[PDB]
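Enquirer: Structure below; questions to follow.
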Amino acid sequence: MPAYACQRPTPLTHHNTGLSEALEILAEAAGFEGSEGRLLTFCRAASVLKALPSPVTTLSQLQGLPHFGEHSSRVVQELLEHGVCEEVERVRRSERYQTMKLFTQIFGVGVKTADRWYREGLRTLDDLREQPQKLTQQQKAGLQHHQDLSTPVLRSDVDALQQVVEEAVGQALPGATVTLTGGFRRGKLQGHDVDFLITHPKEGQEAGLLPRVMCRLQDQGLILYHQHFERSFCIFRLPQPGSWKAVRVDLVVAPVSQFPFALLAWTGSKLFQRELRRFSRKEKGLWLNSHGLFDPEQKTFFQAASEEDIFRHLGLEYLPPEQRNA
DNA sequence: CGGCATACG
DNA sequence: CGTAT
DNA sequence: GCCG
Ligand SMILES: [Cl-]
Ligand SMILES: [Mg+2]
Ligand SMILES: [Mg+2]
Ligand code: NA
Ligand code: NA
């Protein structure tokens, strides 16, 4: 079992679902307390289990797996022995965990804002609605739309949204293209937002594109919220039988020279990309981001024409998006 | 022990 | 500070 | 929390 998640296939569904979910609770709780190192370790340990070819049934099967030390091994041991891990259950029922989860799920609220509100004694969404002068406009939109944004987005929703984005993109810049990214490109059947990447085959033609797209969507009455650039974090009005619902949509523009890097980055998963960037820098001495891959010795950028190019230039076996679900 | 991904709004 | 993979 |  390789030590980096980008060195091994990780499918969307797997054979250790309960064990990985428990470790991911501890990762999330670590993040709520600002412990980024422990969050990473628990996420990595969870991801190792997702990559295994069969269920873990005995503690000895963890021997030699990367990212399993005393703490993660004890969690697994308790789940195998008793079906429950007391630490995990203690986190789950705690007022701190439940409130930080509720608050950080709000669009416009991060861990730092949630933690401050918690320390002020706030606990519920209606607590927040009672003092709206404290909220940013983004937080107001996140709170107004919270119920809809909590409802899973389905594949049929994605197909509808892609058509309306393509229509607006086509008037904004003929020849521009729209690619579905994020979790839906990795094969998810449900999600909580939809991610799109926009480019144009002629380098430079994509400059200034996103304002033109957003204005056209807003004039069609489809935008319930946006920040007004190359990234837009929107709330869309999606038609529903007899009504509609609010959906989070992210629109990203990249020049075609950078498209493979942006596609790779925005397809994720989040942990896959962190691990890939860590692998690039620490094992290969190259600096990876959503714009390119830089050789800091020669001071040169690697031209890529495809995701396959990028995996080759990092010495990694290619993984399709469906196997990047770290 | 240091390190833990890297960006944009 | 928030957002994203 | 775990790795090199
Ligand atoms: Cl980036
Ligand atoms: Mg997404
Ligand atoms: Mg997200
Ligand atoms: Na949030
Ligand atoms: Na998104």
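Just remember, in the structure tokens the first chain shown is A, the second B, etc., residues are 1-based per chain, and ligands are 1-based in the order shown.
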Would you list the residues that come within 8 Å of ligand 2? Count only C-alpha atoms (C1' of nucleotides) and all ligand atoms and give the answer as a PyMOL selection string.

Expert: (chain A and resi 181-184+191-195+250) or (chain C and resi 5)

Enquirer: Take the selection from the previous step and output its residues with N, CA and C atoms (P, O5', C5', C4', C3', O3' and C1' of nucleotides), as a compact mmCIF listing (two decimals), in the first residue's frame.

Expert:
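Done, and the output landed in part_39.txt:
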```
# COMPACT_ATOMS: atom_id res chain seq x y z
N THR A 181 -16.93 19.26 -13.67
CA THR A 181 -15.81 18.83 -12.84
C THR A 181 -16.30 18.39 -11.46
N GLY A 182 -15.44 18.50 -10.45
CA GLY A 182 -15.77 18.13 -9.08
C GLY A 182 -16.26 16.69 -8.91
N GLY A 183 -17.03 16.46 -7.85
CA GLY A 183 -17.46 15.12 -7.50
C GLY A 183 -18.27 14.43 -8.57
N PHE A 184 -19.09 15.19 -9.31
CA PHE A 184 -19.87 14.56 -10.35
C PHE A 184 -18.99 13.99 -11.46
N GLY A 191 -24.72 15.20 -4.82
CA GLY A 191 -23.72 16.13 -4.33
C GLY A 191 -24.40 17.28 -3.64
N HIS A 192 -23.60 18.22 -3.17
CA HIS A 192 -24.13 19.42 -2.57
C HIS A 192 -23.79 20.67 -3.37
N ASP A 193 -23.04 20.54 -4.47
CA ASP A 193 -22.86 21.63 -5.40
C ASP A 193 -22.47 21.03 -6.74
N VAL A 194 -22.44 21.88 -7.75
CA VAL A 194 -22.08 21.49 -9.10
C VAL A 194 -20.92 22.37 -9.54
N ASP A 195 -19.89 21.76 -10.11
CA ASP A 195 -18.66 22.46 -10.49
C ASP A 195 -18.47 22.42 -12.00
N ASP A 250 -20.46 26.36 -8.90
CA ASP A 250 -19.19 27.05 -9.06
C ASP A 250 -18.79 27.08 -10.53
P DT C 5 -15.73 21.94 -4.13
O5' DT C 5 -14.47 21.21 -4.65
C5' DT C 5 -14.27 21.08 -6.02
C4' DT C 5 -12.87 20.58 -6.29
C3' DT C 5 -12.43 19.37 -5.48
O3' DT C 5 -12.88 18.14 -6.08
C1' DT C 5 -10.73 20.99 -5.40
```

Enquirer: Can you list, as number ranges by chain, every protein, DNA or RNA residue that comes within 12 Å of residue 1 of chain C when you count only C-alpha atoms (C1' of nucleotides), leaving out same-chain residues fewer than 5 positions away?

Expert: A: 108-114, 136, 138-139; B: 9

Enquirer: Per DSSP on the backbone, filter segment 150-308 of chain A down to the residues in strand (DSSP E) and report them as a PyMOL selection string.

Expert: chain A and resi 153-154+177-180+190-191+194-199+223-225+231-240+243-253+287-289+292-295+300-301

Enquirer: As an exercise, work out the distance from atom CA of residue 324 of chain A to atom CA of residue 6 of chain A in Å and give it to one decimal place.

Expert: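 Distance reported for this atom pair: 7.4 Å.
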
Enquirer: From a DSSP calculation on the backbone, collect every residue of segment 189-274 of chain A in alpha helix (DSSP H) and output the set as number ranges by chain.

Expert: A: 209-219, 259-267, 270-274

Enquirer: Tell me as a PyMOL selection string which residues belonging to chain A come within 10 Å of chain D, counting only C-alpha atoms (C1' of nucleotides).

Expert: chain A and resi 3+35-42+44-45+66-72

Enquirer: Would you mind listing, as an NGL selection string, all residues of chain A that have at least one atom within 8 Å of chain B, where only C-alpha atoms (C1' of nucleotides) are what counts?

Expert: :A and (36-37 or 40 or 227 or 230-231 or 273-275 or 277-278 or 289-290)

Enquirer: When distances are computed from only C-alpha atoms and all ligand atoms, which of A:55, A:268, A:239, A:285 shows the smallest separation from ligand 3?

Expert: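 Of the candidates, the smallest distance to ligand 3 is held by A:268.
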